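build me a model from this:
(chains A, B, C, D, E, F, G and H, ligands or ions: 16)
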Number of protein chains: 8
Amino acid sequence: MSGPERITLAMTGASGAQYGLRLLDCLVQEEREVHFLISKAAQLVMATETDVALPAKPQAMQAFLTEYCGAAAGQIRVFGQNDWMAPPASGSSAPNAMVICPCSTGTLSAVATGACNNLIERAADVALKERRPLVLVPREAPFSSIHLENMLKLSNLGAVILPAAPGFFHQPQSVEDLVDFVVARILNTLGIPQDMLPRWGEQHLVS
Amino acid sequence: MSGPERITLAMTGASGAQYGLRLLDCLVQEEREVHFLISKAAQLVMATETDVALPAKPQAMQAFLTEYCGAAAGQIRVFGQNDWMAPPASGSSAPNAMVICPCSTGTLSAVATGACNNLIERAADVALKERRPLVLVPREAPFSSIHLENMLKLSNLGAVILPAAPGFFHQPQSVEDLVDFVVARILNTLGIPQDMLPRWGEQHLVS
Amino acid sequence: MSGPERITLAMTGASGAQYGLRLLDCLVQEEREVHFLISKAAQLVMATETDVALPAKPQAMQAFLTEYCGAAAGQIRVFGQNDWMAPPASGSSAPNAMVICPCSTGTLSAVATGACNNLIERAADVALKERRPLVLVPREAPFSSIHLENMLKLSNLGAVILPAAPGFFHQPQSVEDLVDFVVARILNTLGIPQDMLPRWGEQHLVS
Amino acid sequence: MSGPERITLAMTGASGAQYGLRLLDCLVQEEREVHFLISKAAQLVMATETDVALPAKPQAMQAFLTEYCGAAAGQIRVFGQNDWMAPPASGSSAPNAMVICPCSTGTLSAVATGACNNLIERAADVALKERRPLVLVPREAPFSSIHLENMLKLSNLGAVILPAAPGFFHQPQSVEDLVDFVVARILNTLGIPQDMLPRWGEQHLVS
Amino acid sequence: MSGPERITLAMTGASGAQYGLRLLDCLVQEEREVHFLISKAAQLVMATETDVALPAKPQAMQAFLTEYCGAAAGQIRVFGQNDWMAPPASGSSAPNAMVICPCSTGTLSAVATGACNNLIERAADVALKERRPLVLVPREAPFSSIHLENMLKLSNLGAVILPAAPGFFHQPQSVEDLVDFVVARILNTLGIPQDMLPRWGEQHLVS
Amino acid sequence: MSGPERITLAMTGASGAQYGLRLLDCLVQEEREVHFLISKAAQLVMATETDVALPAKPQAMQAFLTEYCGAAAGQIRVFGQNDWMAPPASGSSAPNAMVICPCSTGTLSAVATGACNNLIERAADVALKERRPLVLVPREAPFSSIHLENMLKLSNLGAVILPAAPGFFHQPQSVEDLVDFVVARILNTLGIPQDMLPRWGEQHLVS
Amino acid sequence: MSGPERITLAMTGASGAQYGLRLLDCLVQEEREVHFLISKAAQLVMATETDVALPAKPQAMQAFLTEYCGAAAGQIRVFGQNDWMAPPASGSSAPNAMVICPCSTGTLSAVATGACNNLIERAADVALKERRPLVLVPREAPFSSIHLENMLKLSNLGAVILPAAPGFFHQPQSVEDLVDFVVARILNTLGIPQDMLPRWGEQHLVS
Amino acid sequence: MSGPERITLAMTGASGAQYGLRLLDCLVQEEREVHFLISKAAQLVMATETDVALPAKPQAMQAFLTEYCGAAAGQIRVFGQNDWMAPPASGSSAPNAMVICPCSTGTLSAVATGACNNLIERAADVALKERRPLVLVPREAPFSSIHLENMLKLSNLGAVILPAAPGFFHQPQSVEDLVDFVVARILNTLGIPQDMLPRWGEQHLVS
Ligand SMILES: CC(C)=CCN1c2cc(C)c(C)cc2N(C[C@H](O)[C@H](O)[C@H](O)COP(=O)(O)O)c2[nH]c(=O)[nH]c(=O)c21
Ligand SMILES: CC(C)=CCN1c2cc(C)c(C)cc2N(C[C@H](O)[C@H](O)[C@H](O)COP(=O)(O)O)c2[nH]c(=O)[nH]c(=O)c21
Ligand SMILES: CC(C)=CCN1c2cc(C)c(C)cc2N(C[C@H](O)[C@H](O)[C@H](O)COP(=O)(O)O)c2[nH]c(=O)[nH]c(=O)c21
Ligand SMILES: CC(C)=CCN1c2cc(C)c(C)cc2N(C[C@H](O)[C@H](O)[C@H](O)COP(=O)(O)O)c2[nH]c(=O)[nH]c(=O)c21
Ligand SMILES: CC(C)=CCN1c2cc(C)c(C)cc2N(C[C@H](O)[C@H](O)[C@H](O)COP(=O)(O)O)c2[nH]c(=O)[nH]c(=O)c21
Ligand SMILES: CC(C)=CCN1c2cc(C)c(C)cc2N(C[C@H](O)[C@H](O)[C@H](O)COP(=O)(O)O)c2[nH]c(=O)[nH]c(=O)c21
Ligand SMILES: CC(C)=CCN1c2cc(C)c(C)cc2N(C[C@H](O)[C@H](O)[C@H](O)COP(=O)(O)O)c2[nH]c(=O)[nH]c(=O)c21
Ligand SMILES: CC(C)=CCN1c2cc(C)c(C)cc2N(C[C@H](O)[C@H](O)[C@H](O)COP(=O)(O)O)c2[nH]c(=O)[nH]c(=O)c21
Ligand code: NA
Ligand code: NA
Ligand code: NA
Ligand code: NA
Ligand code: NA
Ligand code: NA
Ligand code: NA
Ligand code: NA
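Numbers count the residues shown, from 1 in each chain, chains lettered A, B, ... in the order given. Ligands and ions are numbered 1, 2, ... in the order given. Coordinates below:
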């Protein structure tokens, strides 16, 4: 298998819940183990932007997402926001890649400053210290200098700042096509196969 | 009238030609004068991503866009990439707001470093020196530290970095809705009326 | 009318509750719409430093402040600390000026780092990204280098750092005179008329 | 009326007394109130470079300049270098735009470092703290790194650094034409009408 | 005795002459030796804000302050602004703590840049080089980035930046109470006993 | 002979073609060898601002300038913008001093960032690496922070930033006098004799 | 002759008047022209540390120093602290090397920040902009970070920071030997012959 | 007793062996315990500049210095350059103040960069980490930017940079007087009594 066996997928409270749900679906279909984290604010975004009725508590949420995605038993773990006994909280855990999608400006701030106030922020702190993959998918416009400084600091360390800024070069025909563009870029970053976005120029040879 | 009477609208070679065309259409409908600039690479993006058959040379291009947008004679000026006799090239011109939409990473670089190699880059240099509005709409993912440093430098000076990162909080149903989200944010930044994106919470009063 | 029609007034937990209440009163008397936010810690400061019996929950609080200030129905909105549906949470809202008065060192930190952990901090983040007025009124002494760096970062972006440091050059005779000095400076910053602090030297002509 | 009703015009001891006198004349003709300040060194520059016989003390100086410019009684205030009772010394004064023309390297230094050693330097410090317009017109060549760092710091804060570097693109025929070029740029910066320098390209439409 | 036997107390030309006079009175009552310095501008502030008729020259001033404060002969030294033979001018003097109260923005600048243009600024330069206490009490609002950078530089070196920003948490009933708050904080910084501001929470034990 | 035997004189597209032509004339009269470079944009400035009919191609241009200046055969070399076989392109060439007069903001940018996109920019890069004289004569107003940072970087390395900011202290009577002021300063920087601007104070002895 | 024909020698108010007088004597004996400047504070240092009875005003001072040093008529110019008509005030003057010996911490500050408040500070500003030699001889201990930052900034530009820190490696037997050590180093820096300090190791050949 | 009971005195290879020997003598006379360290290069400086015949190895050296200074048995410890079992090598040792006198540029570098290559450099590293006094007495001229950056870094941390730059304000009559000036300043920094340099201005009272 190419790419990580396990991904920590954190959803935080930026607009674009569709991106995180699509990414979750794609990771499940690629037979990956997902350690799923979601902030309080992200639950309110999901309720506002989608007709996904996500249960609030981790055990109900795990059962719901397992069904929603057609996952295997055990494939989606869900951990609460203060569950320090979960793998992502320690660098002595088995290695995971981590994606924060969507990434609110507040979570971006916390990761850049090392705040570690909940399991998402601690998980990202652990990824950075252990040199494990960390991809942040912010959705905001305009970006202020506060945002940009935080992104720059993290990019300089080795985090991938991948804004939810879909391209139009494969003639998207629906909202789903644009969502799939960004999810494809995340999967490409992680080194996980995807067939939503072709390999640009693969067949080109000269000119 | 609220907002600027004249806007310099530059299209450069990032994916998202739809954004610049929609913005042009909205500015024309708000009875604004538009000084329209387009890079060579942007012409190739437009041909690839749209079925707009934009003529190559400025006089033909002006006539085409005037018809396309239903503009008045004289309302859309078009200037070539080396036309230093055009208003945007000097700070002694009448004041315009300037928008680069889409903004390629190369144009972002040129603006940040002061390269002034064509009329778009000179126009932005003039906006910055004269303290006139400058809005940059980059479309790229991931953003590297090179991109982020360039954006941060310009944001710190007072340019608005407004990534083509549409929100989903008004339940978009088409690609056009997502395009209209970003265009609405640009128009809000410029202080020009728009009725595509409601005023969040305007009717909320308590809780 | 000169100055903003709407002001977001946030009270946080620094000593000087009197300043925020006086400012609220003056804004109401100038027929402005106020979007009123208050932190948990600020409620404890108000109870300690004043004999204002402010109710805890937003609907009761709105009714109380409306009476206290002699405001019109609808003139003072009150929003809770997690109410993301309120206007200040999105830059797509109608434009407001924002004042944090008093501004605790912790709120100053959150604004400088982009933490966005409650509606006050998100509101300030939105003001900065949208280039809308932001005035911070810290009350602390000494100021440490941590405080000063945070203030400097925000001042460099364009926020107004206006310490609760009243002047004595108009011969204050009471605590109220000193409070009114700082409130007058805030109103002057916002461009809202005030007749508490004369225009220095207005009548001077030579020497 | 477009632009500020009141301008603080400070003349300091760089070569180019002609620029400050021309600017004063233009501001008077646009019916603006001018708060006029002049350094000791600037008085020696004026005596060396012009045949203007400027009296030394503020009351005589005010009467002289009023006649010289054809100003109304009261239109030109003159204030001495230690007159802290004058409006420019306090941010509680009515708002003025401020221009230092010419701006010596020593005054540029004082403004950049916050020295406030006389009314000119205090006035500029007040402009910066209150976010009121500040335009500096240095005349020096070469510029050393000391000069450039001081200019950069102030430009980054929002001051306009407008060197006395006239352009030749409207075919100047006399020294007066070159002086009028720089004065026109200052007036354009302030948003005050001027008919000395046309609006570049205003009549251009295509090519 | 706790705290320094000798204090250099410099008054400069910020609003808040009351603070410096109160501090002087408290230091005298604690049987400390005070080396008293005052700027020209501070003499004009004192005349404007108080009904203290301070004589201009050092010998008359010393006699006046000795009476005003009920000091012992010799307890208050007064030194002129160019008296380099006074103790504060050399680091080979006996150690003193130094307080600049109030501290103008111009004196803050001079101390931060090392200007040493009069005995106050030299005295502060000496305190910094000898690692002796230096407390600066600025009174300004807003603080610009120039002010903040100067404060930050000095705080980073070890100076105490203590703005004249009184707290309200001990229910002040008069202007004097607010003055006494700031003076108490200065005395606490210096390690000199004071009974104006209680020790917060001293009697609290749990909760 | 005092000063360099050979000067690389580059004209770029800032306003002030008169300065470069005057400098060329003076260098020829001082019997110096000039390696003459001119940008495309500078040719359009010269055509706009002067009645010099400069041929476009290097061989015609060399013959024209030789006649215009009364130069010796071989004294003025002219090299095209991509002629990497010309001496200025390599640091193994015989040493020349280099002057860019006028220096556009775009050429200033290219030199500061090391862009080397044509022979002028490469020539300046070579001067900096070889520690050979480099004088830049910018003509712009206002200068933005982008401009100022670029100038500061180059000044810190050892380039001379000499803005086209003529002085008035020798009572100029014509445009030519002002042009001659700046050209004299350039020649003084290079250490080449000039008799247009006297040696200030040379005859002064005391007071 | 090796080394500069003319030296601007400025004495400022640091301890070590002996160094400046010795240097003056050596420059006169090497048949150099000296443009002599002295601060008010330096006159008080000279009176305190030496039995040189230096007259206060420039014409008397010039006559006195001419006799004291055995100089030729005209060899020592003396200029007052506000004499802007003296050569050192303009970069269009004939080139001089400049030495500030001793250099007070306040003059070091002024030079580093570009204050130009008197002819000494302006002269140094001119040296830096024109790339002419500038040697600063500070005498202070300890050096604070303020001092060190100012020295570092100037050293980075190309000024020579030469502390009055004599060496003992040629077995000094008197105060005069130690003074002569520092003066020899200054003369070596300037490239002026001196026979007080031998060339270290000149005769050594191997080991 | 005022001041530290124990001082680590390190002599390194700058010119000025006299300073370290005098300081050693004064510390012994004040009944302090001295932990004495000396570099190889310092032994060669001492042999070159003095007629002190210092034995090479630590036990002989200790006996020699004990006699030379009239110290008590045990009062002067001497430790070798690799003796990690000596107290200064660990922060768990009893607290000492540390002085490096003279301080070579190489030892200054090592301390600034944390090199810890011998016991002197380790001892200084320990002083900095434990927040114990560290005084560096460099002797070099000119100081390069390398030197100055190293000094600035250490001063910013809290080390005292005290150059061997004696003052002349107490009319020194011999080399010994100048040596005693610097040693007095060191002792004052350490808080150890000295009667070589009076307390400036102690008896002054007014003017
Ligand atoms: C339309 C509004 C109010 C904003 C657009 N969007 C968003 C949509 C919706 C519908 C809600 C409710 C909230 C947001 N927010 C704000 C955000 O959740 C908060 O700052 C919050 O503190 C984040 O906390 P976490 O980092 O998740 O712990 C948020 N934050 C952000 O960074 N980007 C966004 O797109 C948006
Ligand atoms: C699918 C490819 C190859 C990239 C996506 N997209 C894009 C789409 C298409 C279809 C074309 C052709 C080109 C791009 N580029 C590259 C870009 O135009 C160039 O770097 C170019 O030099 C820009 O020059 P200008 O600044 O306009 O003068 C470009 N640049 C960028 O910054 N963002 C983009 O989205 C893309
Ligand atoms: C006398 C005490 C304990 C401090 C003076 N004052 C204050 C008065 C009172 C009476 C209370 C209770 C609290 C304060 N604080 C502390 C402060 O509220 C907290 O740090 C807190 O976390 C702030 O959270 P928010 O930013 O409001 O969300 C606070 N914080 C601050 O920045 N400035 C202040 O003046 C004071
Ligand atoms: C030909 C000389 C000596 C210089 C050219 N010019 C000038 C002309 C004349 C004829 C005089 C007399 C003085 C100058 N100066 C120097 C200047 O006034 C001083 O540095 C001075 O301290 C400035 O103090 P202020 O900031 O006004 O309080 C000055 N300063 C500057 O920054 N630019 C200039 O053009 C010149
Ligand atoms: C109401 C005015 C004009 C200002 C409020 N206040 C003040 C009050 C009064 C009544 C006077 C007269 C002056 C001030 N100033 C200005 C100040 O004294 C000057 O900048 C001055 O150069 C300072 O020099 P020093 O550092 O003392 O040598 C000053 N400066 C400052 O930093 N803070 C202040 O509060 C005020
Ligand atoms: C009146 C206008 C449009 C501007 C004033 N002036 C100027 C005059 C004329 C009449 C022309 C045509 C052009 C300018 N420019 C713009 C400039 O040439 C361009 O940015 C250009 O890309 C420079 O490229 P190069 O560096 O030479 O390769 C330019 N650039 C600059 O830095 N300073 C100037 O004074 C002006
Ligand atoms: C024993 C005292 C009070 C200090 C030692 N020495 C000195 C000696 C004597 C005997 C006098 C009188 C003055 C000093 N000073 C202080 C100094 O002159 C002042 O800061 C002053 O403002 C300098 O202004 P300038 O830069 O000359 O315009 C001064 N300044 C300095 O930087 N180094 C010194 O060695 C000393
Ligand atoms: C006259 C010479 C060659 C220099 C003056 N002086 C000195 C005098 C004598 C007579 C000797 C032999 C050596 C010096 N040095 C050089 C110095 O010892 C070395 O760089 C050396 O590596 C220092 O190593 P440490 O840090 O002690 O381990 C040295 N280093 C320094 O920083 N300042 C000095 O004054 C001098
Ligand atoms: Na949460
Ligand atoms: Na192009
Ligand atoms: Na709260
Ligand atoms: Na003056
Ligand atoms: Na004074
Ligand atoms: Na070209
Ligand atoms: Na002086
Ligand atoms: Na050694």
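
hey, let's count contacts and neighbours off CA atoms from now on
Will do.

can you pull out the strands in chain A?
A:6-11, A:33-38, A:76-78, A:97-103, A:134-138, A:160-161 (DSSP state E).

near ligand 1, which residues of chain A?
Residues of chain A lying close to ligand 1 (Cα under 6 Å from any ligand atom) are A:12-15, A:39, A:41-42, A:44-45, A:48, A:104-107, A:139-140.

which residue ranges of chain A form helices?
A:17-29, A:40-49, A:58-69, A:105-113, A:119-130, A:145-157, A:175-190 (DSSP state H).

setting the sequence-adjacent residues aside, check what's closest to the residue of chain A found nearest ligand 7.
Closest approach between chain A and ligand 7, counting by Cα to the nearest ligand atom: residue A:149, at 40.4 Å. Among residues not flanking residue A:149 along the chain, residue B:152 sits closest, at 6.6 Å (Cα to Cα, 6 or more residues apart in numbering or on different chains).

let me have the helices of chain A in TSV, adding mean neighbour count and distance to residue H:161 as columns.
Formatted as TSV, the helices of chain A follow (neighbours: other Cα atoms under 10 Å in any protein chain shown; distance: least, Cα to Cα, whole Å):
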stretch	mean neighbour count	distance to residue H:161
helix A:17-29	21	57
helix A:40-49	18	53
helix A:58-69	16	60
helix A:105-113	25	34
helix A:119-130	22	37
helix A:145-157	21	34
helix A:175-190	20	51
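
now the closest residue to ligand 6 within chain A: how far from chain B?
Going by Cα to the nearest ligand atom, ligand 6 is nearest to residue A:145 of chain A, at 27.5 Å. To chain B, residue A:145 is 6 Å away according to Cα to the nearest Cα, to the nearest Å.

residues in chain A within reach of ligand 9, list them.
Contact residues, chain A versus ligand 9 (Cα under 5 Å from the ion): A:39-40.

for chain A, which residues are neighbours of ligand 2?
The interface of chain A toward ligand 2, taken as Cα under 6 Å from any ligand atom, is made up of A:167, A:169.

what about 8 Å?
Residues of chain A lying near ligand 2 by Cα under 8 Å from any ligand atom: A:167-169, A:200.

now, among those residues, which is nearest to residue B:175?
Lowest distance from residue B:175 to the residues of chain A next to ligand 2 (Cα to Cα) belongs to residue A:168, with 9.8 Å.

so the closest one makes contact with residue A:197?
No: between residue A:168 and residue A:197 there is no contact under Cα atoms under 8 Å: 11.2 Å.

of these two, who's got more company?
Legend: neighbour count by other Cα atoms under 10 Å in any protein chain shown for residue A:168 and residue A:197, higher for residue A:168 (22 against 15).

how close does that one sit to chain C?
For residue A:168, the distance to chain C equals 24 Å [Cα to the nearest Cα].

how about the contacts made by that residue?
Residues near residue A:168 by Cα atoms under 8 Å, 6 or more residues apart in numbering or on different chains: A:178, B:15-16, B:49.

then residue A:166?
A:178-179, A:181-182, B:139-141, B:164-165.

what's the answer for residue A:28, then?
Contacts of residue A:28 by Cα under 8 Å, 6+ apart are A:34, A:69-71, A:75.

one more: residue A:90?
Residue A:90 makes contact with A:123, A:126 under the criterion Cα under 8 Å, 6+ apart.

so what's the backbone phi/psi at it?
Main-chain dihedrals, residue A:90, degrees, to the nearest 10: phi -130, psi 140.

let's have the strands of chain A in a markdown table, adding mean neighbour count.
Formatted as a markdown table, the strands of chain A follow (neighbours: other Cα atoms under 10 Å in any protein chain shown):
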| stretch | mean neighbour count |
| --- | --- |
| strand A:6-11 | 26 |
| strand A:33-38 | 22 |
| strand A:76-78 | 23 |
| strand A:97-103 | 27 |
| strand A:134-138 | 27 |
| strand A:160-161 | 24 |
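
wait, which of the ones you listed is closest to residue H:7?
Of the strands of chain A, nearest to residue H:7 by Cα to Cα is strand A:134-138, at 50.8 Å.

next, format the strands of chain A as TSV and append distance to residue A:60.
Formatted as TSV, the strands of chain A follow (distance: least, Cα to Cα, whole Å):
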stretch	distance to residue A:60
strand A:6-11	17
strand A:33-38	13
strand A:76-78	9
strand A:97-103	21
strand A:134-138	26
strand A:160-161	32
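
circling back: how close does the residue of chain A closest to ligand 7 sit to residue C:146?
Separation of residue A:149 from residue C:146 (Cα to Cα, to the nearest Å) stands at 18 Å.

repeat that for residue A:46.
Look at residue A:46 and residue C:146: by Cα to Cα, they are 37 Å apart.

and residue A:95, by the same measure?
36 Å.

excluding its backbone neighbours, what's nearest the residue in chain A positioned nearest to ligand 16?
Among all residues of chain A, residue A:129 sits closest to ligand 16, at 38.8 Å; criterion: Cα to the ion. Nearest non-adjacent residue to residue A:129, counting by Cα to Cα, 6+ apart: residue A:91, 7.8 Å away.

what count of nearby residues applies to that neighbour?
Residue A:91 is flanked by 18 other residues according to other Cα under 10 Å.

might one say that it is in contact with residue A:128?
No: look at residue A:91 against residue A:128 with Cα under 8 Å: they stay out of range, at 9.7 Å.

now residue A:142, nearest residue through space, not along the chain?
Counting by Cα to Cα, 6+ apart, residue B:162 is the residue found nearest to residue A:142 once chain neighbours are left out, at 4.0 Å.

stretch A:31-47 close to chain C?
No: Stretch A:31-47 stays clear of chain C (Cα under 8 Å from any Cα of the partner chain), getting no nearer than 8.7 Å.

for ligand 12, give me its nearest residue in chain A.
For chain A, Cα to the ion, closest residue to ligand 12: residue A:145, 39.3 Å.

quick one, what contacts that residue?
Residue A:145 sits next to B:152, B:155-156, C:129, C:157 when contact means Cα under 8 Å, 6+ apart.

and for residue A:159?
By Cα under 8 Å, 6+ apart, residue A:159 lies in contact with A:128, A:133-136.

closest to chain E among those?
residue A:128 (29.3 Å; Cα to the nearest Cα).

what's the nearest residue to that closest one if we skip its chain neighbours?
residue A:134 (7.2 Å).

quickly list what that neighbour is bridged to.
On the basis of DSSP bridges, residue A:134 is bridged to residue A:98.

pretty sure it contacts residue A:97?
Yes: using Cα under 8 Å, residue A:134 is in contact with residue A:97, at 6.3 Å.

what touches both of those two?
residue A:127.

so how far is residue A:187 from the closest residue to residue A:20 other than its chain neighbours?
Once flanking residues are discounted, residue A:20 sits nearest to residue A:101: 5.2 Å by Cα to Cα, 6+ apart. According to Cα to Cα, residue A:101 and residue A:187 sit 12 Å apart.

repeat for residue A:95
Residue A:95 is 17 Å from residue A:187, where distance means Cα to Cα.

and residue A:30, by the same measure?
When residue A:30 is compared with residue A:187 (using Cα to Cα), they lie 10 Å apart.
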